[PDB]
Amino acid sequence: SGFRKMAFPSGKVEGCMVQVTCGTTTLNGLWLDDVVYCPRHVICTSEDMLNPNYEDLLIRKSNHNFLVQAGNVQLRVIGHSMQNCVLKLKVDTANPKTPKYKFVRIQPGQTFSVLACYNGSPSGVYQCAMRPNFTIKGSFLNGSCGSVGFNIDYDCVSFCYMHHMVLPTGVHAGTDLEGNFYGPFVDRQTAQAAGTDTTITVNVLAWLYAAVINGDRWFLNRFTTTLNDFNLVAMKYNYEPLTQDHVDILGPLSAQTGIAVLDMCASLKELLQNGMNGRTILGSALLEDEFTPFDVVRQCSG
Amino acid sequence: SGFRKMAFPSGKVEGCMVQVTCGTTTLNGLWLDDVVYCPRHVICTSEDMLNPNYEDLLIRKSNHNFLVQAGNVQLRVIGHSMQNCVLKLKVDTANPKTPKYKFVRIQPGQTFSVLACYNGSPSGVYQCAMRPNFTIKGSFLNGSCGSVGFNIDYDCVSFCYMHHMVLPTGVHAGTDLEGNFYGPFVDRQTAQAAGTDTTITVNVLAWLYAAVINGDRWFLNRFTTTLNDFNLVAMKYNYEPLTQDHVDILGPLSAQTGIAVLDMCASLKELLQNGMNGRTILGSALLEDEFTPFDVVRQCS
Ligand SMILES: Cn1cnc(Cn2c(=O)nc(Nc3cc4cn(C)nc4cc3Cl)n(Cc3cc(F)c(F)cc3F)c2=O)n1
Ligand SMILES: Cn1cnc(Cn2c(=O)nc(Nc3cc4cn(C)nc4cc3Cl)n(Cc3cc(F)c(F)cc3F)c2=O)n1
């Protein structure tokens with residue numbers, strides 16, 4: 001009963017957050033075993049941030065230039081290296097709270113939980129989606145650099161995102177935990193635009209199924225459509241194309257509600273062409289695209 | 001809008017969640033120090049759930065009838081008592097993960113984080129608001145009974161909600177941690193309708209202040225009002241009247257923006273009487289009512 005943007009419980013990740021400082025530059029790091037992972041931007045002074053040559057900057061650093069604080073306890077740095085845009089500080093102490101974990105690179109349209117942190121201290125948790133243009137529409141303030149995104153399966157934390165920067169439009173850009181940006185961005189303090197964003201079609205369909213499961217059918221209709229004719233209209237409205245794989249992934253929701261995927265597509269086509277006429281769906285005046293089919297299944301199965 | 005529902009980090013509460021079972025009836029409990037708190041509904045068999053006699057059901061129970069588990073580890077029950085609709089099970093082990101904590105009873109409009117739990121295992125976290133009709137629009141499945149809602153202020157967890165039941169409209173009802181229901185609900189498996197809901201005026205005002213902070217201020221008018229005049233008008237539009245405490249919690253936002261609370265009330269009154277005429281506020285044609293003044297200060301600062 002009900003449907004809400006829901007994040008994973010953050011406790012396994014809270015025990016991994018630390019603060020990293022180089023000179024006066026400071027941000028958040030992630031302490032797993034005897035390594036702290038953080039954005040390499042921490043090595044920049046305010047002057048360096050505008051145009052950093054990171055290999056040149058890092059070679060001039062010593063271990064003692066890195067102050068790592070876990071709560072109030074300082075962790076001694078005994079080695080350091082850089083993997084793409086992630087700095088890896090080897091410390092002399094293993095984190096006793098290290099969960100089972102994996103580093104993964106997520107696909108556009110997939111969701112994850114973000115633990116927003118400031119000065120190494122967790123502040124809030126929420127769910128986000130990787131946009132098709134590889135930005136995220138997060139909620140982050142100054143000092144959030146190094147906050148991480150993750151999913152939890154059983155007791156295994158799959159880390160997928162490390163926050164780096166806010167773009168001029170107010171959307172956010174970051175890397176995987178191997179230090180590779182999602183999207184065409186670079187870790188430099190210069191104005192950066194993203195590519196044109198598009199709407200995650202398979203997610204909108206999942207959310208319409210969530211609405212039906214929760215008792216609202218006002219937007220359904222008796223029209224049906226082929227996959228190709230739906231995709232023609234979707235693309236006209238800057239929606240991502242729907243693949244047969246997406247149709248299959250929606251199968252369980254179609255089975256549960258008795259609404260064929262292509263019948264839901266005909267509903268979405270009418271919503272795009274007619275608008276919502278001031279009505280709402282699951283309390284929203286806009287078509288929501290940040291719930292995956294699995295997000296819906298886990299909250300509405302039964 | 002840039003604003004979104006953000007939950008508190010849940011780790012401090014995850015370490016307190018346990019499972020409580022009586023026979024086959026099972027739900028979640030909250031382990032603080034050497035006491036486990038859970039809905040007393042756990043003492044009902046399937047046939048007792050419709051019309052339970054809790055005093056009779058409890059006198060027939062002994063300590064050894066309660067199965068309390070942290071994961072698969074059993075915590076021995078050494079005492080039991082009932083406080084309103086909450087059972088308190090004294091256990092032989094003090095929880096080493098107990099945070100600094102308080103039990104509080106919140107007002108409608110206040111928000112809190114829910115840690116949804118199943119079989120004593122935390123599953124997800126989300127923010128909710130207490131509606132004026134004393135329900136929450138949560139997301140809960142079977143097995144969620146006993147999940148808790150909370151706020152965290154400076155290492156201290158203030159527990160404010162314990163989930164009991166789903167109502168016919170799919171909204172949710174529960175108690176404070178002293179076992180007193182929010183609203184006119186009782187802990188029995190009967191259909192209980194929620195009353196008509198209203199819009200949380202203090203939170204809409206907070207949302208308008210958030211818009212002003214972000215430079216979206218077209219709706220500010222040249223008028224002011226009295227609190228009494230505004231309250232009488234607001235109720236005609238299914239909005240809650242403001243209390244003196246509401247005026248005071250808007251203090252910081254009023255000082256930050258330089259917009260007097262009563263001036264903002266007059267601006268809101270014009271939106272109610274005239275609509276928004278095709279414009280938006282924070283990119284939305286809907287006035288959001290589930291962000292408190294504290295939530296706005298938290299996401300903006
Ligand atoms: C509003 N907002 C939303 N997300 C963010 C993230 N973010 C950040 O927290 N900090 C950044 N610059 C820093 C300044 C510092 C000043 N001191 C004393 N220490 C500092 C540390 C940092 Cl990281 N930035 C900007 C930014 C960060 C990068 F990692 C990058 F590659 C380019 C950038 F322009 C930032 O966006 N703020
Ligand atoms: C869909 N949904 C949304 N919220 C809820 C919460 N909820 C719940 O999890 N369980 C309930 N009844 C139980 C049945 C059991 C079967 N076994 C084997 N064990 C059980 C334990 C419980 Cl608690 N209920 C119903 C309910 C629970 C109460 F505490 C109450 F006072 C009245 C009620 F009608 C329930 O709503 N489900």
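Below, chains carry the letters A, B, ... as their sequence lines are ordered, and counting in each starts from 1.
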- Message: Between B/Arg298 and A/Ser123 (side chain of the first, backbone of the second, donor and acceptor by atom type, cut-off under 3.5 Å), is there such a pair?
- Response: yes
- Message: Shorter than 4.5 Å, heavy atoms on both sides: which option in B/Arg4, B/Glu14, B/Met6 has the most such pairs with chain A?
- Response: B/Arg4
- Set of residues satisfying salt bridge (charged side-chain N to carboxylate O under 4.0 Å, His left out) with respect to B/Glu288, sequence neighbours excluded: B/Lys5
- Do B/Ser10 and A/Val125 have side-chain heavy atoms sitting under 4.5 Å apart? no
- Message: Using the side chain to side chain donor-acceptor pair (under 3.5 Å) criterion, which residues pair with B/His164? Sequence neighbours excluded.
- Response: none
- Query: Does any heavy atom of chain A fall under 4.5 Å from the side chain of B/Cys300, the backbone, both, or neither of them?
  - Reply: backbone
- Taking C-beta and beyond as the side chain, do B/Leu141 and A/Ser1 meet within less than 4.5 Å on heavy atoms? no
- Message: For the CG atom on A/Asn274, are there more than 12 heavy atoms of other groups (residues, nucleotides or ligands in this structure) within a distance under 6.0 Å?
- Response: yes
- Under 4.5 Å from any heavy atom of chain B - which part of A/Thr280: side chain
- Query: How long is the span from the NZ atom in B/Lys137 to the CZ atom in A/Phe3, to the nearest 0.5 Å?
  - Reply: 16.0 Å
- Output the distance between atom OG (A/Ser284) and atom CG (B/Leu286), rounded to the nearest 0.5 Å. 7.5 Å
- Message: Given heavy-atom pairs under 4.5 angstrom as the criterion, report whether the side chain, backbone, both or neither of B/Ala7 touches chain A.
- Response: both
- Side chain from CB out, backbone as N, CA, C, O: work out which of these in B/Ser301 comes under 4.5 Å of a heavy atom of chain A, or both, or neither. backbone
- Task: Give the minimum heavy-atom separation between A/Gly124 and B/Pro9, together with the two atoms involved.
- Result: N-CG, 3.8 Å
